[PDB]
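Some notes on the structure that comes next.
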Amino acid sequence: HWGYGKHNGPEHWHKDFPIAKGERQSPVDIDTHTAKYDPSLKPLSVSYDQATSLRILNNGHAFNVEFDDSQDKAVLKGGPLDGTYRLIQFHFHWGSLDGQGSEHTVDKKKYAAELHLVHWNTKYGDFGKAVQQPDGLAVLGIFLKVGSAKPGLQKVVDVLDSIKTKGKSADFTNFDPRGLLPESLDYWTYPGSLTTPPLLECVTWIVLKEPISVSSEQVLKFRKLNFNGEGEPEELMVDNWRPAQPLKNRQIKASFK
Ligand SMILES: NS(=O)(=O)c1c(F)c(F)c(S(=O)(=O)CCO)c(NCc2ccccc2)c1F
Ligand SMILES: [Zn+2]
């Protein structure tokens, strides 16, 4: 039932998923002036050299690039984390217009899109068990602005027309997610949730301060996808973002400045 519309969008979610009005929901606005610098936060360690992508999938809400997470191949550690967290999939959130699309905001500024690289804590042995734990996921969030093309993104954009509608999927091997990272790993970090149902409160969010630039033609290709399945009426996959939620009793920490 849930989705992104007038009748089943974010403002409706709490009827099926009451944790939508919980104590540590995401995303949030990052108020850069009131983020606390923590000189004890460590550099983020992103070890993606052995990554193995498998498939790309239109799930009706976004597209996911899935990875083999059956060994320690692509891992996030360090930063604010105590564990080792395995990459399972990345996906994006984007807008109908370049002026919106991100889930997190920075001093109320929306970006055109937001990449989420989803990782699960290896102490829990698999993703489905990890989402049931308060320290089960680490999601690395990267803002996209429209400008110059991101060449490392183009392999993703070029396959989208094969997964146009809900439930479609395609082989997607040898994709290197290092091509999607900005130069700096400076980040903000806070405890939150999945930003789609089931909205579980299992995520340590790590949001990079520096956005990547993508071209207008790259983001236009994301907006040609469909939320509907093949042979159902066309509804463009745009505006699949959840807006900022109340910060409540949380402090956002900065690794920098
Ligand atoms: N946008 S998010 O990064 O905060 C997010 C969600 F909001 C979310 F609900 C999910 S969920 O659908 O998997 C939770 C269901 O137990 C994932 N996880 C991505 C994923 C999806 C399918 C298979 C593997 C990973 C997820 F990454
Ligand atoms: Zn997401």
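In the structure tokens, chains take the letters A, B, ... in the order shown, each chain's residues start at 1, and ligands count up from 1 in the order shown.
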Against ligand 1, which residues of chain A fall within 7 Å? For each one I want the closest pair of atoms and the distance in Å (one decimal), counting only C-alpha atoms and all ligand atoms, rows by chain and increasing residue number, as JSON lines.
{"residue": "A:88", "atom": "CA", "partner": "ligand 1", "partner_atom_place_in_ligand_line": "25 (C)", "distance": 6.1}
{"residue": "A:89", "atom": "CA", "partner": "ligand 1", "partner_atom_place_in_ligand_line": "25 (C)", "distance": 5.8}
{"residue": "A:116", "atom": "CA", "partner": "ligand 1", "partner_atom_place_in_ligand_line": "3 (O)", "distance": 5.1}
{"residue": "A:117", "atom": "CA", "partner": "ligand 1", "partner_atom_place_in_ligand_line": "3 (O)", "distance": 6.9}
{"residue": "A:118", "atom": "CA", "partner": "ligand 1", "partner_atom_place_in_ligand_line": "27 (F)", "distance": 5.1}
{"residue": "A:128", "atom": "CA", "partner": "ligand 1", "partner_atom_place_in_ligand_line": "16 (O)", "distance": 5.9}
{"residue": "A:131", "atom": "CA", "partner": "ligand 1", "partner_atom_place_in_ligand_line": "16 (O)", "distance": 6.4}
{"residue": "A:139", "atom": "CA", "partner": "ligand 1", "partner_atom_place_in_ligand_line": "3 (O)", "distance": 6.0}
{"residue": "A:193", "atom": "CA", "partner": "ligand 1", "partner_atom_place_in_ligand_line": "4 (O)", "distance": 6.3}
{"residue": "A:194", "atom": "CA", "partner": "ligand 1", "partner_atom_place_in_ligand_line": "7 (F)", "distance": 3.4}
{"residue": "A:195", "atom": "CA", "partner": "ligand 1", "partner_atom_place_in_ligand_line": "7 (F)", "distance": 3.7}
{"residue": "A:196", "atom": "CA", "partner": "ligand 1", "partner_atom_place_in_ligand_line": "7 (F)", "distance": 3.4}
{"residue": "A:197", "atom": "CA", "partner": "ligand 1", "partner_atom_place_in_ligand_line": "9 (F)", "distance": 4.7}
{"residue": "A:198", "atom": "CA", "partner": "ligand 1", "partner_atom_place_in_ligand_line": "9 (F)", "distance": 5.2}
{"residue": "A:199", "atom": "CA", "partner": "ligand 1", "partner_atom_place_in_ligand_line": "9 (F)", "distance": 5.7}
Mind running chain A against ligand 2 at 10 Å and telling me each contacting residue's nearest atom pair with the distance in Å (one decimal), counting only C-alpha atoms and all ligand atoms, chain and number ascending, as CSV?
residue,atom,partner,partner_atom_place_in_ligand_line,distance
A:26,CA,ligand 2,1 (Zn),9.9
A:27,CA,ligand 2,1 (Zn),9.3
A:61,CA,ligand 2,1 (Zn),9.8
A:62,CA,ligand 2,1 (Zn),8.4
A:64,CA,ligand 2,1 (Zn),9.6
A:90,CA,ligand 2,1 (Zn),7.9
A:91,CA,ligand 2,1 (Zn),6.2
A:92,CA,ligand 2,1 (Zn),6.0
A:93,CA,ligand 2,1 (Zn),6.3
A:102,CA,ligand 2,1 (Zn),9.5
A:103,CA,ligand 2,1 (Zn),8.1
A:114,CA,ligand 2,1 (Zn),7.7
A:115,CA,ligand 2,1 (Zn),7.0
A:116,CA,ligand 2,1 (Zn),5.1
A:117,CA,ligand 2,1 (Zn),8.0
A:118,CA,ligand 2,1 (Zn),8.1
A:139,CA,ligand 2,1 (Zn),8.3
A:140,CA,ligand 2,1 (Zn),9.6
A:141,CA,ligand 2,1 (Zn),8.2
A:194,CA,ligand 2,1 (Zn),7.1
A:195,CA,ligand 2,1 (Zn),6.0
A:196,CA,ligand 2,1 (Zn),7.1
A:240,CA,ligand 2,1 (Zn),9.2
A:241,CA,ligand 2,1 (Zn),8.0
A:242,CA,ligand 2,1 (Zn),9.1
Would you export the selected residues with N, CA, C and O atoms as a compact mmCIF listing (two decimals), in the first residue's frame, please?
# COMPACT_ATOMS: atom_id res chain seq x y z
N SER A 26 14.35 9.03 10.72
CA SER A 26 15.18 9.73 9.73
C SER A 26 14.32 9.96 8.48
O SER A 26 13.35 9.24 8.26
N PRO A 27 14.71 10.90 7.59
CA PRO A 27 15.88 11.76 7.76
C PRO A 27 15.65 12.91 8.69
O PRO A 27 14.55 13.03 9.30
N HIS A 61 9.92 1.36 -5.60
CA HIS A 61 10.10 2.56 -4.78
C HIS A 61 11.35 3.31 -5.20
O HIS A 61 11.35 4.57 -5.23
N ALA A 62 12.38 2.57 -5.61
CA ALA A 62 13.67 3.15 -6.04
C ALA A 62 14.31 2.07 -6.92
O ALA A 62 13.65 1.04 -7.22
N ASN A 64 17.70 -0.58 -6.72
CA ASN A 64 18.79 -1.00 -5.87
C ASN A 64 19.92 -1.64 -6.66
O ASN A 64 19.63 -2.55 -7.45
N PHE A 90 23.13 -0.31 -2.69
CA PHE A 90 22.87 1.13 -2.67
C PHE A 90 21.71 1.47 -3.55
O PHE A 90 21.24 0.73 -4.44
N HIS A 91 21.11 2.66 -3.30
CA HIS A 91 20.02 3.20 -4.00
C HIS A 91 20.01 4.68 -3.80
O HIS A 91 20.88 5.22 -3.10
N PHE A 92 19.14 5.35 -4.53
CA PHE A 92 19.01 6.79 -4.47
C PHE A 92 17.56 7.20 -4.22
O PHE A 92 16.62 6.43 -4.41
N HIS A 93 17.44 8.46 -3.78
CA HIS A 93 16.18 9.20 -3.65
C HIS A 93 16.34 10.43 -4.49
O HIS A 93 17.39 11.08 -4.41
N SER A 102 16.63 15.24 -2.11
CA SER A 102 17.33 14.62 -0.97
C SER A 102 16.38 14.40 0.19
O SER A 102 15.29 15.08 0.34
N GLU A 103 16.78 13.47 1.03
CA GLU A 103 15.99 13.19 2.33
C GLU A 103 16.57 14.05 3.48
O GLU A 103 15.89 14.91 4.13
N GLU A 114 19.92 11.95 -3.25
CA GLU A 114 20.74 11.44 -2.17
C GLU A 114 20.98 9.98 -2.39
O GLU A 114 20.02 9.23 -2.67
N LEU A 115 22.26 9.60 -2.36
CA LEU A 115 22.68 8.19 -2.45
C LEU A 115 22.77 7.61 -1.02
O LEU A 115 23.39 8.20 -0.14
N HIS A 116 22.28 6.38 -0.87
CA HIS A 116 22.40 5.62 0.38
C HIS A 116 23.14 4.32 0.10
O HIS A 116 22.58 3.48 -0.67
N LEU A 117 24.32 4.16 0.70
CA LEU A 117 25.04 2.88 0.66
C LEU A 117 24.79 2.19 1.99
O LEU A 117 25.14 2.72 3.04
N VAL A 118 24.05 1.09 1.85
CA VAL A 118 23.51 0.39 3.03
C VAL A 118 24.40 -0.70 3.50
O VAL A 118 24.73 -1.59 2.68
N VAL A 139 24.40 3.46 7.36
CA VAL A 139 24.03 3.93 6.03
C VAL A 139 24.91 5.15 5.77
O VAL A 139 24.93 6.13 6.53
N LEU A 140 25.67 5.08 4.66
CA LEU A 140 26.50 6.24 4.23
C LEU A 140 25.67 7.00 3.20
O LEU A 140 25.27 6.47 2.17
N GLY A 141 25.38 8.25 3.58
CA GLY A 141 24.53 9.15 2.80
C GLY A 141 25.37 10.17 2.03
O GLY A 141 26.25 10.80 2.67
N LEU A 194 15.57 3.53 9.18
CA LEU A 194 15.34 3.39 7.71
C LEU A 194 14.39 4.50 7.37
O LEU A 194 13.50 4.93 8.18
N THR A 195 14.51 5.08 6.19
CA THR A 195 13.66 6.16 5.76
C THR A 195 12.48 5.64 4.91
O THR A 195 11.68 6.48 4.49
N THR A 196 12.37 4.32 4.68
CA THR A 196 11.11 3.72 4.08
C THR A 196 10.59 2.72 5.08
O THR A 196 11.32 2.18 5.88
N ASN A 240 10.66 10.34 -4.61
CA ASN A 240 10.59 9.18 -3.69
C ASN A 240 11.49 9.46 -2.45
O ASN A 240 12.33 8.59 -2.11
N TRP A 241 11.28 10.59 -1.87
CA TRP A 241 12.00 11.01 -0.66
C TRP A 241 11.02 11.20 0.45
O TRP A 241 9.91 11.70 0.27
N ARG A 242 11.46 10.85 1.66
CA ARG A 242 10.73 11.22 2.89
C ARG A 242 11.23 12.54 3.44
O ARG A 242 12.44 12.77 3.45
Considering only C-alpha atoms, tabulate each residue of region 16-123 of chain A that lies at most 12 Å from region 147-150 of chain A along with its nearest interatomic pair and the corresponding distance in Å to one decimal; arrange the rows by chain and ascending residue number and present them as CSV.
residue,atom,partner,partner_atom,distance
A:98,CA,A:147,CA,10.4
A:111,CA,A:147,CA,11.9
A:112,CA,A:147,CA,10.6
Based on the backbone DSSP call, show me all residues of region 12-49 of chain A assigned strand (DSSP E or B), as a PDB file with N, CA and C atoms, in the first residue's frame.
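Output file selection-v9.pdb is given in full below:
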ATOM      1  N   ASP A  29      16.851  17.434   9.293  1.00  0.00           N
ATOM      2  CA  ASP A  29      17.648  18.548   8.885  1.00  0.00           C
ATOM      3  C   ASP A  29      18.947  18.621   9.692  1.00  0.00           C
ATOM      4  N   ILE A  30      20.080  18.776   9.022  1.00  0.00           N
ATOM      5  CA  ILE A  30      21.366  18.929   9.677  1.00  0.00           C
ATOM      6  C   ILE A  30      21.644  20.423   9.801  1.00  0.00           C
ATOM      7  N   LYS A  36      27.733  19.227  16.835  1.00  0.00           N
ATOM      8  CA  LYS A  36      28.865  19.266  17.792  1.00  0.00           C
ATOM      9  C   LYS A  36      30.120  18.638  17.130  1.00  0.00           C
ATOM     10  N   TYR A  37      31.209  19.397  17.035  1.00  0.00           N
ATOM     11  CA  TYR A  37      32.486  18.770  16.615  1.00  0.00           C
ATOM     12  C   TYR A  37      32.986  17.803  17.665  1.00  0.00           C
ATOM     13  N   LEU A  44      36.579   7.830   8.588  1.00  0.00           N
ATOM     14  CA  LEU A  44      35.751   6.758   8.088  1.00  0.00           C
ATOM     15  C   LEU A  44      36.636   5.851   7.232  1.00  0.00           C
ATOM     16  N   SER A  45      36.517   4.543   7.385  1.00  0.00           N
ATOM     17  CA  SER A  45      37.220   3.591   6.562  1.00  0.00           C
ATOM     18  C   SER A  45      36.245   2.932   5.615  1.00  0.00           C
ATOM     19  N   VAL A  46      36.390   3.225   4.352  1.00  0.00           N
ATOM     20  CA  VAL A  46      35.639   2.645   3.254  1.00  0.00           C
ATOM     21  C   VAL A  46      36.534   1.732   2.452  1.00  0.00           C
ATOM     22  N   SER A  47      36.347   0.438   2.583  1.00  0.00           N
ATOM     23  CA  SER A  47      37.123  -0.531   1.871  1.00  0.00           C
ATOM     24  C   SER A  47      36.302  -1.272   0.836  1.00  0.00           C
TER      25      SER A  47
END
Residue 38 (chain A) surroundings by only C-alpha atoms, 7 Å radius, close-in-sequence under 5 positions cut, as a PDB file with N, CA and C atoms, in the first residue's frame:
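This went into part.pdb:
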ATOM      1  N   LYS A 253      26.611  14.919  15.422  1.00  0.00           N
ATOM      2  CA  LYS A 253      28.072  15.073  15.661  1.00  0.00           C
ATOM      3  C   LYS A 253      28.747  15.288  14.333  1.00  0.00           C
ATOM      4  N   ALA A 254      29.769  16.136  14.270  1.00  0.00           N
ATOM      5  CA  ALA A 254      30.603  16.417  13.095  1.00  0.00           C
ATOM      6  C   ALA A 254      32.010  15.916  13.278  1.00  0.00           C
ATOM      7  N   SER A 255      32.570  15.309  12.258  1.00  0.00           N
ATOM      8  CA  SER A 255      33.963  14.833  12.282  1.00  0.00           C
ATOM      9  C   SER A 255      34.928  15.952  11.952  1.00  0.00           C
TER      10      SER A 255
END
Which residues are close to region 213-221 of chain A, i.e. within 10 Å by only C-alpha atoms, leaving aside same-chain residues fewer than 5 positions away? Reply as a PDB file with C-alpha atoms, in the first residue's frame.
ATOM      1  CA  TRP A  94      15.476  12.017  -6.125  1.00  0.00           C
ATOM      2  CA  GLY A  95      13.050  14.765  -7.126  1.00  0.00           C
ATOM      3  CA  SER A  96      10.781  15.849  -9.962  1.00  0.00           C
ATOM      4  CA  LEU A  97      12.939  19.050 -10.193  1.00  0.00           C
ATOM      5  CA  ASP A  98      16.580  19.788  -9.405  1.00  0.00           C
ATOM      6  CA  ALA A 112      18.663  17.070  -6.188  1.00  0.00           C
ATOM      7  CA  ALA A 113      19.159  13.566  -4.940  1.00  0.00           C
ATOM      8  CA  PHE A 143      24.231  14.333  -1.584  1.00  0.00           C
ATOM      9  CA  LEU A 144      23.982  14.881  -5.373  1.00  0.00           C
ATOM     10  CA  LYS A 145      23.927  18.340  -6.923  1.00  0.00           C
ATOM     11  CA  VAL A 146      23.425  19.014 -10.634  1.00  0.00           C
ATOM     12  CA  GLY A 147      26.521  20.284 -12.513  1.00  0.00           C
ATOM     13  CA  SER A 148      29.314  18.353 -14.164  1.00  0.00           C
ATOM     14  CA  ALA A 149      28.700  14.622 -14.930  1.00  0.00           C
ATOM     15  CA  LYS A 150      29.874  11.915 -12.500  1.00  0.00           C
ATOM     16  CA  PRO A 151      31.583   9.488 -14.928  1.00  0.00           C
ATOM     17  CA  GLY A 152      31.480   6.677 -12.320  1.00  0.00           C
ATOM     18  CA  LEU A 153      27.689   6.982 -12.314  1.00  0.00           C
ATOM     19  CA  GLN A 154      27.148   6.463 -16.014  1.00  0.00           C
ATOM     20  CA  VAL A 156      24.146   2.798 -13.623  1.00  0.00           C
ATOM     21  CA  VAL A 157      22.289   5.384 -15.735  1.00  0.00           C
ATOM     22  CA  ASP A 158      22.851   3.472 -18.961  1.00  0.00           C
ATOM     23  CA  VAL A 159      21.083   0.273 -17.686  1.00  0.00           C
ATOM     24  CA  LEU A 160      17.929   2.043 -16.298  1.00  0.00           C
ATOM     25  CA  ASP A 161      15.935   1.622 -19.454  1.00  0.00           C
ATOM     26  CA  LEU A 180      30.439   7.484  -6.571  1.00  0.00           C
ATOM     27  CA  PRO A 182      33.467  12.609  -3.271  1.00  0.00           C
TER      28      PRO A 182
END
Query raised in the report: Between A:163, A:35, A:51, A:170, which is the closest to residue 67 (chain A) once you count only C-alpha atoms?
Result: A:51
Query raised in the report: If you count only C-alpha atoms, which residues fall within 7 Å of region 201-209 of chain A, apart from same-chain ones fewer than 2 positions away, as a count of residues only?
Result: 26
Query - Which of region 43-129 of chain A fall in helix (DSSP H, G or I), as an NGL selection string - result: :A and (122-124 or 127-129)
Query raised in the report: Pick from A:100, A:106, A:84, A:171: nearest to residue 119 (chain A), with only C-alpha atoms counted?
Result: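 Of A:100, A:106, A:84, A:171, the one nearest residue 119 (chain A) is A:84, counting only C-alpha atoms.
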Query - Residue with smallest distance to residue 177 (chain A) - pool A:237, A:57, A:247, A:74, counting only C-alpha atoms - result: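 Looking at the shortest contact to residue 177 (chain A), the residue is A:74.
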Report task. Check the smallest atom-to-atom distance from each of A:123, A:228, A:235, A:129 to residue 82 (chain A) using only C-alpha atoms, then report the winner. Result ->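 Closest candidate: A:123.
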Query raised in the report: When distances are computed from only C-alpha atoms, which of A:122, A:59, A:53, A:226 shows the smallest separation from residue 76 (chain A)?
Result: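 Smallest distance to residue 76 (chain A) is found for A:122.
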**Report entry** Best match for closeness to residue 200 (chain A) among A:244, A:41, A:130, A:252, counting only C-alpha atoms
**Finding:** A:130
Query raised in the report: What is the distance, in Å and to one decimal place, between CA of residue 101 (chain A) and CA of residue 239 (chain A)?
Result: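 Straight-line distance from CA of residue 101 (chain A) to CA of residue 239 (chain A) works out to 6.0 Å.
Picture a line from CA of residue 7 (chain A) to CA of residue 225 (chain A); it runs 20.7 Å.
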Report task. Find the distance between CA of residue 243 (chain A) and CA of residue 21 (chain A) and write it in Å to one decimal. Result ->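 According to the coordinates, CA of residue 243 (chain A) and CA of residue 21 (chain A) are separated by 12.9 Å.
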**Report entry** Within 7 Å of residue 50 (chain A) using only C-alpha atoms, minus same-chain residues under 2 positions, as a ChimeraX atom specification
**Finding:** /A:48,52,73-74
